[PDB]
């Protein structure tokens, strides 16, 4: 009975893109997240056993760019999935885990006022 899909996908693309862009701008911290994790290249054959739903910046970019997000929270859910996969798979002491945490912090700071602009 509630209202759904009040925003056009293209309005969400415009509103949210800056938050994606801020993650891309993080150097070196975005580098492990730019492309899908390739278990064969990284020599981690258990990756897809542990991470059942992979997500990365390129995939999010392409969904946002092509209007695949129909609700703002669907984009946020994908960013969080990317982070949560990285924190699940990687050791807490690891370079990639620390980089995840830095991206997560940048994202939090970026997304809160944007989601208020959608209020």
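If you superpose the two forms and keep the largest set of C-alpha atoms that fall within 1.5 Å, you have the rigid core. Numbering follows the first chain given and starts at 1.
Q) Line up the rigid core: which moves more in 7 other deposited structures of this protein, 106-114 or 6-14, by C-alpha RMS? A) Greater root mean square C-alpha distance in 7 other deposited structures of this protein: 6-14.
Q) Is 36-44 or 81-89 the stretch whose C-alphas end up farther from this model in 7 other deposited structures of this protein after a rigid core fit? A) Result of the core-fitted comparison in 7 other deposited structures of this protein: 36-44 deviates more.
Q. Would 8-16 or 103-111 have the larger average of its C-alpha temperature factors, as given in the entry?
A. Between 103-111 and 8-16, it is 103-111 that shows the higher mean C-alpha B-factor.
Q. Which wins on mean Cα temperature factor, 34-42 or 72-80?
A. 34-42 has the higher mean C-alpha B-factor.
Q. Residue 23: which third of its chain by C-alpha temperature factor?
A. It falls in the bottom third of the chain.
Q: Within this chain's modelled residues, let me know which third the CA B factor of residue 59 belongs to: lowest, middle or highest.
A: It belongs to the lowest third of the chain when residues are ordered by C-alpha B-factor.
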